[PDB]
Amino acid sequence: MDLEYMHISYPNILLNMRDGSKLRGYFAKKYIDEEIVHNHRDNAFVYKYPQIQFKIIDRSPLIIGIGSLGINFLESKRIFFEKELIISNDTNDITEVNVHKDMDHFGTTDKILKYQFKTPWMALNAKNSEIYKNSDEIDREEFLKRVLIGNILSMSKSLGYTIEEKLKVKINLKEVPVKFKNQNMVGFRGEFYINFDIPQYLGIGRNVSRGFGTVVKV
Amino acid sequence: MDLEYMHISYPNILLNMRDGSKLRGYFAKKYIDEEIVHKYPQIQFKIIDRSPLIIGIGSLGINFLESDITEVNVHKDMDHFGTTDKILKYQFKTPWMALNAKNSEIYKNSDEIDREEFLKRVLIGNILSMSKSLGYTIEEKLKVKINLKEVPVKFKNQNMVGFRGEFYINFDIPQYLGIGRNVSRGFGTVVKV
RNA sequence: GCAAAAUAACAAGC
């Protein structure tokens with residue numbers, strides 16, 4: 001399988017790190033009716049790998065779109081011609097846009113591959129967070145590994161790729177605090193090894209739309 | 001579970017680290033023959058951060074140890106050795122040397138992940154050897170979290186492979202023994218951190 | 001936290 005994607009970066013602009021929620025917020029407030037940028041579907045939410053993601057990476061904004069359905073949004077709504085980025089009531093001019101668009105392999109590979117989180121991973125949901133907090137170091141390492149596999153099966157599913165080989169992972173990760181919904185939920189930083197091919201700047205999930213869990217290749 | 005031990009150190013003198021080959025022969029040469037130069050070693054020669062080190066462990070090993094340089098020190102005491110419920114973190118002060126000829130081949134052809142879960146087993150292997158030889162039964166399952174990196178080591182002036190890093194295990198390891206192969210000459214020295 | 005019965009290794013949406 002190949003995965004088609006559009007990258008839109010706003011290099012001249014630079015924002016504080018982990019401001020993605022603000023960035024993703026504005027884009028979704030302005031393009032209120034699209035429903036692919038922000039994920040409430042009328043009254044309900046939508047549960048699926050978000051194929052429009054917003055990140056801040058190396059202090060610059062990065063807008064990601066994935067496959068026919070996400071790229072159509074970017075192209076049709078002309079996100080690369082965007083006027084201004086209003087982040088915390090102060091507007092930023094958009095004087096430079098840099099967009100790679102291409103496809104890459106997605107799914108299990110022969111060679112093991114080494115990745116690194118470019119933003120906090122945020123692997124633990126509610127039920128897992130209790131497990132983690134109550135689990136000693138080694139048990140945690142194993143736990144996180146499994147959940148990492150988990151994330152890979154969620155994204156792979158939503159993207160309609162069914163993995164026919166077994167996944168093995170090596171994780172080297174340190175803890176990091178990340179505030180979300182005025183709450184302290186934990187998230188990790190680090191690098192990891194997996195036999196899966198993971199297109200650059202994609203997130204492995206929890207709250208992927210705001211940039212959390214963004215992996216890049218090393 | 002208490003395991004008695006004796007450390008003898010030479011504070012001032014300094015030299016090359018992993019030098020071993022240029023000072024490895026004396027201890028045997030001058031008194032030959034007493035200790036096995038020709048079971049887990051209860052007499053261990055180390056160089057820890059530029060300074061020499063000697064370790065007796067257990068009654069047998071202490072008694073032997075009864076035997093310019095200027096000042097010299099001895100911390101001498103008995104420590105806890107065995108399994109524990111509280112996870113403990115250790116770091117190698119000398120290259121591990123965990124693979125033998127056979128296991129080096131398996132390691133040589135392996136992807137980084139299986140390489141990890143290969144080392145994990147080996148480590149638990151070593152611990153069990155030591156535990157056994159020193160006459161301790163291990164009544165709970167050992168688990169490990171290991172972060173290590175390859176490093177080149179010269180031994181008998183061939184080049185084998187060894188590992189520098191840190192690791193987590195529910196065993197309680199006294200300071201400065203073990204655990205790799207060739208531990209009498211100072212390899213794989215673990216210290217609590 | 002609110003949500004969530006979703007082909008998986010039980011993983012995901014605001």
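If you read the sequences in order, they're chains A and B.
Mapping the first sequence onto the deposited numbering, position 187 (from 1) lands on 187, and the numbers just tick up by one.
As numbered in the deposited numbering, residues 1 to 38, 48 to 76, 93 to 218 make up the second sequence, in order.
C-beta atoms are modelled at their ideal positions from N, C-alpha and C, and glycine is treated no differently.
Residues that residue i bridges to, as DSSP identifies them
i	result
residue 157(A)	Answer is none; residue 157(A) lacks a bridge partner.
residue 188(B)	175(B)
residue 52(B)	65(B)
residue 4(A)	103(A)
residue 170(A)	193(A)
residue 151(B)	In the DSSP output, where bridge partners are listed per residue, residue 151(B) has none listed.
residue 87(A)	90(A)
residue 41(A)	44(A)
residue 57(A)	60(A)
residue 115(B)	192(B), 217(B)
residue 180(B)	183(B)
residue 203(A)	214(A)
residue 108(A)	196(A)
residue 98(A)	9(A)
Residue i versus residue j - alpha carbon distance
i	j	result
residue 146(B)	residue 167(B)	10 Å
residue 41(B)	residue 71(B)	For residue 41(B), nothing is modelled; it lies in the interval where chain B passes from 38 to 48 with no residues in between.
residue 27(A)	residue 42(A)	18 Å
residue 62(A)	residue 202(A)	11 Å
residue 86(A)	residue 29(A)	11 Å
residue 187(B)	residue 45(A)	53 Å
residue 157(B)	residue 123(A)	40 Å
residue 154(B)	residue 129(B)	19 Å
residue 171(A)	residue 91(A)	40 Å
residue 94(A)	residue 54(A)	16 Å
residue 139(B)	residue 11(B)	42 Å
residue 125(A)	residue 177(B)	42 Å
residue 160(B)	residue 32(B)	27 Å
residue 58(B)	residue 121(B)	16 Å
residue 142(A)	residue 150(A)	12 Å
residue 60(A)	residue 82(A)	15 Å
residue 64(A)	residue 133(B)	40 Å
residue 182(A)	residue 179(B)	55 Å
residue 136(A)	residue 173(A)	15 Å
residue 37(B)	residue 206(B)	14 Å
residue 184(B)	residue 9(B)	29 Å
residue 144(A)	residue 68(A)	32 Å
residue 200(B)	residue 127(A)	39 Å
residue 84(A)	residue 213(A)	26 Å
Cβ-based neighbour list, residue i, same chain, cut-off 6 Å, excluding 5 preceding and 5 following
i	result
residue 218(A)	114, 116
residue 66(A)	5, 51
residue 97(A)	80
residue 100(A)	7
residue 112(B)	193, 195
Cβ distance (whole Å) where residue i is taken to contact residue j below 8 Å
i	j	result
residue 3(A)	residue 56(A)	Going by Cβ atoms, the distance from residue 3(A) to residue 56(A) rounds to 22 Å, so no, they are not a contact pair.
residue 211(B)	residue 25(B)	Between residue 25(B) and residue 211(B) the Cβ distance is about 13 Å, and since that is not below 8 Å, they are no contact.
residue 208(A)	residue 49(A)	7 Å
residue 131(A)	residue 204(A)	The Cβ separation is near 19 Å, so there is no contact.
Cβ-based neighbour list, residue i, same chain, cut-off 7 Å, excluding 5 preceding and 5 following
i	result
residue 175(A)	186, 188
residue 88(A)	22
Beta-carbon proximity list for residue i, same chain, < 8 Å, skipping 5 on both sides
i	result
residue 198(B)	106, 113, 115, 152, 204, 215, 217
residue 163(A)	107, 108, 152, 153, 156, 196
residue 103(B)	2, 3, 4, 5
residue 148(B)	123, 169, 171, 192, 194, 204
residue 40(A)	46
- [ ] Please confirm if the segment 63-75 of chain A is in contact with the segment 9-19 of chain B, defined as three or more CB-CB distances below 8 Å between the two stretches.
- [x] no
Open item on the list: Can you confirm whether the segment 107-121 of chain A touches the segment 191-198 of chain A when touching is taken to mean that 3 or more C-beta pairs between the two stretches lie within less than 8 Å?
Closed with: yes
- [ ] Could you tell me whether the segment 156-172 of chain A touches the segment 101-116 of chain A, using the rule of 3 or more Cβ pairs below 8 Å?
- [x] yes
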